[PDB]
Amino acid sequence: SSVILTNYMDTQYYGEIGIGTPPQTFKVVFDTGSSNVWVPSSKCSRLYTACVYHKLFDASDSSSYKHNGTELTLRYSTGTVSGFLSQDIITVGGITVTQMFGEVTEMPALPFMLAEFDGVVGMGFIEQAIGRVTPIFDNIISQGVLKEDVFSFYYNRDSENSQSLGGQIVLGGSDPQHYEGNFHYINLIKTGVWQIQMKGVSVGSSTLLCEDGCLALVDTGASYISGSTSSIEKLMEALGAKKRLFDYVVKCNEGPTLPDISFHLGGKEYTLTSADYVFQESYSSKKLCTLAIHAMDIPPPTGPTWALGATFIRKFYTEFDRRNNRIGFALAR
Ligand SMILES: CCc1nc(N)nc(N)c1-c1ccc2c(c1)N(CCNC(C)=O)C(=O)C(C)(C)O2
Ligand SMILES: *[C@@H]1O[C@H](CO)[C@@H](O)[C@H](O)[C@H]1NC(C)=O
């Protein structure tokens with residue numbers, strides 16, 4: 001099954017899922033970086049403006065709802081949400097599964113007031129699941145209906161017209177229509193996390209980073225490519241970028257000429273061009289242009305680690321192989 005995704009400003013990719021009976025619709029991000037499912041709850045106080053602006057699941061309207069109530073808190077690198085567990089049936093592109101999810105009652109204005117999506121569907125392993133809740137993909141696998149024990153991601157480049165699909169997730173395989181050439185796999189450092197060994201990072205013709213090796217979390221839920229603060233400072237220094245509060249800018253007229261950035265993964269160099277990582281919104285030297293690469297210190301046990309997000313997947317179609325505990329990459333088409 002494939003799920004059509006909407007692309008919002010190249011930073012948000014989300015699709016629809018149905019919860020309850022009758023189905024209550026929600027826009028959600030499919031996140032390989034987390035392992036829980038959650039949507040805003042009707043029990044979320046309207047004092048949380050984010051709840052006033054998103055779809056709210058109302059258990060009292062679903063006949064398939066099963067109460068639980070265990071509280072849980074989900075912590076992401078850029079924000080936190082809190083609530084309680086509930087069980088109901090969920091629709092994901094034709095597949096139906098009974099799933100335990102979180103009803104969020106505390107949704108911070110910053111950053112959720114900036115979210116086009118309502119919730120999140122974690123595609124990670126149960127090892128990282130908060131409350132030890134069985135992840136949705138595991139429940140799907142349990143049905144023995146998927147052709148293959150894998151899921152893939154396609155994140156299109158932003159578009160000014162509504163004729164192009166923002167992206168696409170495939171449960172059970174990959175869509176040959178959105179990649180070309182062959183997949184090149186890398187084994188997961190360890191099952192339980194969509195993280196792989198990265199052999200090196202280069203800026204221009206000089207592998208000046210991640211020498212001696214480092215970690216790379218392949219995170220479909222992250223908007224950008226991130227690295228430790230030290231790594232980024234070094235990388236950004238080589239680009240001549242200026243560190244801002246939340247990001248890094250560069251004189252727009254300078255954007256088109258920034259050097260290539262490569263990521264050495266499993267014996268293959270994955271190269272991004274300035275066009276691939278800078279939001280080229282102008283060529284003016286009197287304006288600043290943001291880079292789709294940020295600094296982010298991911299704490300243990302998962303980090304320190306670099307994170308390959310939308311900026312990376314936009315260029316390389318990505319297959320997540322559960323059965324073989326490896327990740328596949330192929331040039332996106
Ligand atoms: C999708 C959940 C999520 N998972 C992971 N692994 N890391 C995160 N930083 C986030 C996370 C949290 C809050 C967010 C966003 C992401 N995102 C990006 C969502 N990612 C995609 C690919 O759409 C946002 O835009 C704002 C609103 C800041 O709020
Ligand atoms: C919630 O689900 C977990 C999973 O087994 C269970 O242990 C717990 O008792 C449930 N909570 C309630 C009271 O429904």
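Atom set for the values below is all heavy atoms of this structure, side chains included, hydrogens, waters and symmetry mates excluded. Along the sequence shown, residues are numbered consecutively beginning with 1.
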Quiz item: So if you build clusters from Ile, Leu, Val, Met, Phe, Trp, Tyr with side-chain heavy-atom gaps below 4.5 Å, do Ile225 and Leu258 land together?
Solution: yes
Practice problem: Report yes or no: does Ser206 contribute a side-chain atom to a donor-acceptor pair with the main-chain N or O of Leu208 at less than 3.5 Å? | Solution: no
Quiz item: In terms of hydrophobic clustering (I, L, V, M, F, W, Y; side-chain heavy atoms under 4.5 Å; direct or indirect links), are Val29 and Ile130 co-clustered?
Solution: yes
Quiz prompt | For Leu245 against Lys243, the heavy-atom pair lying closest together | solution = O-NZ, 3.9 Å
Quiz item: Quick one: are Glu106 and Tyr48 in side-chain contact, heavy atoms under 4.5 Å?
Solution: yes
Exercise. Can you see which heavy atom on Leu272 is nearest to which on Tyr277, and at what distance?
Key: O-CE2, 4.1 Å
Exercise. Find the distance between CE (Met296) and OG (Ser226) and round it off to the nearest 0.5 Å.
Key: 6.5 Å
Self-check item: Heavy-atom closest pair, residues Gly266 and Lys199
Solution: N-NZ, 2.6 Å
Self-check item: Donor-acceptor pair between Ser62 and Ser64 side chains, under 3.5 angstrom
Solution: yes
Quiz item: Do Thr257 and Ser274 come close enough that some side-chain heavy atom pair is under 4.5 Å?
Solution: no
Self-check item: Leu110 CG to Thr78 OG1 distance, which is reported to the nearest 0.5 Å
Solution: 11.0 Å
Quiz prompt | Heavy-atom closest pair, residues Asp10 and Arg157 | solution = OD1-C, 3.6 Å
Quiz item: Do any pairs count as a ring-ring contact (aromatic ring centres under 6.0 Å, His included) and have a residue in residues 130-179, sequence neighbours left out, and if so which ones?
Solution: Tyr13-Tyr155, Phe137-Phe151, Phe151-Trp194, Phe151-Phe320, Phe153-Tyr155, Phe153-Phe320, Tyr154-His178, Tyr179-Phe183, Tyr179-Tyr317
Quiz prompt | Heavy-atom check, side chain of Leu239 versus side chain of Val250, under 4.5 Å | solution = no
Quiz item: Side chains of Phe84 and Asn68: closer than 4.5 Å at any heavy-atom pair?
Solution: no
Quiz item: Are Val28 and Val37 connected in a single hydrophobic cluster, I mean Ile/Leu/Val/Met/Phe/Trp/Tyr linked by side-chain heavy atoms less than 4.5 Å apart?
Solution: yes
Practice problem: Let me see the working for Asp297 and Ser228 under side chain to side chain donor-acceptor pair (under 3.5 Å), right down to the final yes or no. | Solution: CA-CA 5 Å; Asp297 295 318; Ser228 69; 4.9 Å; no
Self-check item: Electrostatic pair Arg314-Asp158, nearest N-O below 4.0 angstrom
Solution: no
Practice problem: Check whether the side chains of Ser34 and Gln128 place a donor and an acceptor atom closer than 3.5 Å, and report yes or no. | Solution: no
Quiz item: Should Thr134 and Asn139 be marked as a side chain to side chain donor-acceptor pair (under 3.5 Å) after you check the CA-CA gap, both sets of side-chain angles, and the distance that decides it?
Solution: CA-CA 7 Å; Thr134 304; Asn139 282 152; 4.8 Å; no
Quiz item: To the nearest 0.5 Å, how far apart are CG in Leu209 and CG in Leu235?
Solution: 5.5 Å
Self-check item: Cluster link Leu308 to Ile327, ILVMFWY, side chain under 4.5 Å
Solution: yes
Quiz item: If we only count heavy atoms from C-beta on, is the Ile232 to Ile293 side-chain gap below 4.5 Å?
Solution: yes
Quiz item: Which atom pair, heavy atoms only, marks the closest approach of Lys315 to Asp276?
Solution: NZ-OD2, 3.2 Å
Quiz item: CG/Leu5 to NZ/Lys27 distance, rounded to the nearest 0.5 angstrom?
Solution: 13.5 Å
Practice problem: Output, in order, the C-alpha distance, side-chain angles, deciding distance and verdict of side chain to side chain donor-acceptor pair (under 3.5 Å) for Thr73 and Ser82. | Solution: CA-CA 4 Å; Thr73 290; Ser82 189; 3.1 Å; yes
Quiz prompt | Interatomic spacing from OG in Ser2 to CD in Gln168 - rounded to 0.5 Å | solution = 4.5 Å
Quiz item: Going only through I, L, V, M, F, W and Y residues with side-chain contacts under 4.5 Å, is there a path from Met236 to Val203?
Solution: yes
Practice problem: Check the angle between the aromatic planes of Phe112 and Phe117 and answer parallel, tilted or perpendicular using the 30° and 60° thresholds. | Solution: perpendicular
Quiz item: Could you go step by step and tell me if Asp321 and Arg326 meet the salt bridge (charged side-chain N to carboxylate O under 4.0 Å, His left out) rule?
Solution: CA-CA 5 Å; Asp321 185 345; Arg326 28 110 96 157; 2.9 Å; yes
Quiz item: Side chains of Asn161 and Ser159: is there a donor and an acceptor less than 3.5 Å apart?
Solution: yes
Practice problem: Measure from the side-chain N and O atoms of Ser45 to the backbone N and O of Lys43, and report whether any donor-acceptor pair falls under 3.5 Å. | Solution: no
Practice problem: Find out whether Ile189 and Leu215 are in side-chain contact, i.e. whether some heavy atom of one side chain is under 4.5 Å from a heavy atom of the other. | Solution: yes
Self-check item: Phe329-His184 aromatic ring centre distance below 6.0 Å
Solution: no
Practice problem: Supply the atom-to-atom distance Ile186 CD1 to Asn325 CG, rounded to the nearest 0.5 angstrom. | Solution: 14.0 Å
Quiz item: Any idea which heavy atoms bring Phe279 and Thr11 closest together, and the distance?
Solution: CZ-CG2, 4.2 Å
Quiz item: Among side-chain atoms of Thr271 and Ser262, is any donor-acceptor pair under 3.5 angstrom?
Solution: yes
